[PDB]
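> what would the 3D arrangement of this be:
(4 chains)
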Amino acid sequence: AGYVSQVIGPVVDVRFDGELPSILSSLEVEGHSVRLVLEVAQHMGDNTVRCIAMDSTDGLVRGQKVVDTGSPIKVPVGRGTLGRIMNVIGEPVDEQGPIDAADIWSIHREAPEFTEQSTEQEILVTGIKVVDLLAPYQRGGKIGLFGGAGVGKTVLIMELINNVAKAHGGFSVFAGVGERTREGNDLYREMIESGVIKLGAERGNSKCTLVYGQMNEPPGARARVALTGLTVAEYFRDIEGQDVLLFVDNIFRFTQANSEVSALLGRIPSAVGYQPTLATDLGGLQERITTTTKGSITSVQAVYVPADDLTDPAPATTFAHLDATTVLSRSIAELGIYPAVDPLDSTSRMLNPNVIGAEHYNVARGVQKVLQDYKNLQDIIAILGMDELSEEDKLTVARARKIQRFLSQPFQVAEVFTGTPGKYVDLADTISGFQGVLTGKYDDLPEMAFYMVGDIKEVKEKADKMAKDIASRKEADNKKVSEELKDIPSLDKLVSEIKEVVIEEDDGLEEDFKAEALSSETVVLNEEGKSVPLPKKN
Amino acid sequence: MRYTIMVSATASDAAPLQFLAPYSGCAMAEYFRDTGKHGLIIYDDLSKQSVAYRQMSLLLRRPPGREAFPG
Amino acid sequence: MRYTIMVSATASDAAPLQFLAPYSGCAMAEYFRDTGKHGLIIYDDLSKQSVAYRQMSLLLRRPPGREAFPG
Amino acid sequence: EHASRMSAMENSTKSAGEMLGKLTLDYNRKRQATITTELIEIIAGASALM
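Residues are numbered from 1 along each chain as shown, chains lettered A, B, ... in the order given. Okay, here it is:
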């Protein structure tokens, strides 16, 4: 009912002789290589709408028919999306059939209004000790994850998915906003490997819906894929009544994508370079993540800080919405502590005694003060000597050295390659455990007693095994037989056991090759449209 | 809340509503100023009303000045 | 050169050719990717391809963003 | 003397870290203002043609 009038990059003008589609409505370009969905951005006047494409616009002709769907982009939602991968417009890209839709929901939505909000401000127990104690998660809050590579971020993602599905019975959505396809495939196969995504007939027992808008997609597709993950999460909140987890992977890439679609629609950029609507384009996403009266959505958003500058407007606008940070550190991970949460740079708004109580608040502030007190004398130990200062200073060294161990915890999705069984730790057990180490009831137990264990009745069994291990050492000796002729042969024997592989100097490359003949003449279309040589006169 | 009016244009709301909400609350508190009573008004994050007004101005294509603000 | 293709859009070439040289070289190397073999593509000075694309887009009067670049 | 110098260069790195942090914050302000002012120049140049 409408036809393409302008194609300028990813930005398509469509003309409607009848009535116009609404802003944010979805339009299908009828007749194309792939499914080309446009989203109406503005009404330009003269019966033209201005749209932003969700796929490539190369191959688009002015006058191509465009069908208005009468609604915004509509995605399949429900339990049938679990363990599937969707793109922004709802198509399955995991190549495992269609998506069993419970409903087909519009991705564009107003935030849950004032009467629906929760005034309670309670804590989301996650089963991770360092996360539950020092930087708790608000049920319905937004949590910034300052991880990276090699700090065990993906294991923490899959464990929040696992522990929230195990404890509270809620499902998870992962919105891969603008992620590389190698990283997205790595996370997919690592979720299949860890059992939070199951393929085939066991597909219903998956805990996670992946919504992937990749980095090679146009800016309109990366700018809207977080809303698709939000819609999948809002179905579980509003219909299933669950405590959902949403993972917006790199909220900065959401910001950068919306900045690109604001630049492409010809809007004047605001401060440093961002979209003029940066606070509202971010708040439109973040205000739909809340606690309703039905359930909640808790959002764990990875935050990239642009030039290591926290006063840049994209992290300064994001940090207004965040309720907790969990900074994952490389220096924590190079002490073998997993999860690699920095126990001192992670913050939470939920850490005050009016929401968690004075018991939990004072235990957390004591633990944080003890680790801080150890932290600002390590330039006094390494300079002047280990046993140089007082015994009370070395008492805080030993207590913080064993609390710094005690924050580590074995993870249930990590047991398929580490062997050590993962241990969910409850909140009251975490409080009662760290209070005991803080007063000094465990000053006699070793420092390796507090390592990769669930709660306080496991550090005792760890030390019990370590002191049964004293009596298991006199069972044998240590020796290495046959100093020069156990299995170490002559080097000619070692080169005469390696097998020669086949190398050929015909490299081939003509295996299933067409070998068309390319014309050197330039071939154009005449006015009838047939392939004709160039008319040889200017 | 027996004595408080609570005007809210939250982060999801349109930037015209966030630009206008301190003026709405000021008109509500000027009722108490104008009839002899005393009012207290708290504009929480007037730095966000300025950002909403900057959004409105750059979407109206007015020339940005310092930091991008309309002048 | 028994294994190397060279795709060379030099400085005297037009800006659309410098824009399209990495895409054309990637199309030549995707032959080896797609038919089982292994490729190594080297886009030397993707900075200059970026400058050429910025040239074409400012001359087509697309709206400029940061430093002059398109969206 | 050596221990007094060890305590004197302890305060010097403290001072050269707090001065560095102030200077890094002010550099971040100048970086943001540079990008904004060059962008406003480019937009004003383009809007005077279209």
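> go ahead and report the secondary structure state at the residue nearest to residue A:195 when sequence neighbours are not counted.
Leaving aside its chain neighbours, residue A:195 sits nearest to residue A:413 (6.8 Å; criterion: C-beta to C-beta, 6 or more residues apart in numbering or on different chains). Where you see a C-beta, it was placed from the backbone N, CA and C, and this is true even at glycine. With DSSP: H, G, I helix; E, B strand; the rest coil as the basis, residue A:413 sits in helix.
> how much space between residue A:413 and residue A:155?
7 Å (C-beta to C-beta, to the nearest Å).
> likewise for residue A:149?
13 Å.
> who's more crowded, those two?
Using other C-beta atoms under 10 Å in any protein chain shown as the criterion, residue A:149 and residue A:155 rank with residue A:155 on top: 18 against 9.
> in the helix or strand hosting the more buried one, which residues are buried?
Using DSSP states H and E, residue A:155 maps to helix A:153-167. Using 16 or more other C-beta atoms under 10 Å in any protein chain shown as the test for burial, helix A:153-167 gives A:153-165.
> so whatever residue of chain D ends up closest to chain C, which of the three states?
Residue nearest to chain C within chain D: residue D:42 (5.4 Å; C-beta to the nearest C-beta). Assigned with three-state DSSP, residue D:42 falls in the helix class.
> can you count the residues close to it?
The number of residues packed around residue D:42, counting by other C-beta under 10 Å, is 18.
> can you check residue A:222 too?
26.
> cool, residue A:60 as well?
19.
> try residue D:25
Each residue near residue D:25 was counted by other C-beta under 10 Å, and the total is 13.
> starting at the chain centroid, how far to the helix or strand it falls within?
Taking DSSP H and E as the definition, residue D:25 sits inside helix D:2-47. Remark: helix D:2-47 is offset 2 Å from the chain centroid, using C-alpha atoms, centre = their mean, to the nearest Å.
> show me which helix runs longest in chain B.
helix B:15-34 (DSSP state H).
> what does the helix holding residue A:155 contact?
The contact list for helix A:153-167 (C-beta atoms under 8 Å, 6 or more residues apart in numbering or on different chains) reads A:124-128, A:145, A:147, A:170-172, A:174, A:186-187, A:190-191, A:194, A:196, A:207-208, A:243, A:245, A:247, A:298, A:300, A:302, A:326, A:328, A:338-339, A:341, A:411-414, A:422, A:424.
> near chain C, which residues of the stretch 251-400 of chain A show up?
A:259-267, A:269, A:273 (C-beta under 8 Å from any C-beta of the partner chain).
> next: chain D.
So chain D meets chain C at D:35, D:38-39, D:42-43, D:46, D:49-50 (C-beta under 8 Å from any C-beta).
> try 10 Å this time
Taking C-beta under 10 Å from any C-beta of the partner chain as the criterion, the neighbours of chain C within chain D are D:35-36, D:38-39, D:42-43, D:45-47, D:49-50.
> over to the stretch 1-150 of chain A?
So far as C-beta under 10 Å from any C-beta goes, the stretch 1-150 of chain A lies against chain C at A:8-11.
> can you name the residues of chain D sitting close to chain B?
Checking chain D against chain B by C-beta under 10 Å from any C-beta, the hits are D:32-33, D:36-37, D:39-40, D:43-44, D:47.
> hmm, try it at 6 Å
Contacts of chain D with chain B, taken as C-beta under 6 Å from any C-beta of the partner chain, map to residue D:40.
> can you name the residue of chain D nearest chain B?
For chain D, C-beta to the nearest C-beta, closest residue to chain B: residue D:40, 5.2 Å.
> could you find the closest non-adjacent residue to that residue?
Nearest to residue D:40 is residue B:64, by C-beta to C-beta, 6+ apart, at 5.2 Å.
> which helix or strand contains that neighbour?
Judged by DSSP H and E, residue B:64 forms part of no helix or strand.
> can you give me the neighbour number for it?
Residue B:64: 24 surrounding residues under other C-beta under 10 Å.
> okay, and which of the contacts of helix A:153-167 map to strands?
Applying DSSP state E to those, the entries found in strands are A:124, A:145, A:172, A:174, A:208, A:243, A:245, A:247, A:298, A:300, A:302, A:326.
> which ones are touching the most centrally placed residue in chain D?
The residue lying closest to the centre of chain D (C-alpha atoms, centre = their mean) is residue D:27, at 2.0 Å. Residues counted as contacts of residue D:27 (C-beta atoms under 6 Å, 6 or more residues apart in numbering or on different chains): none.
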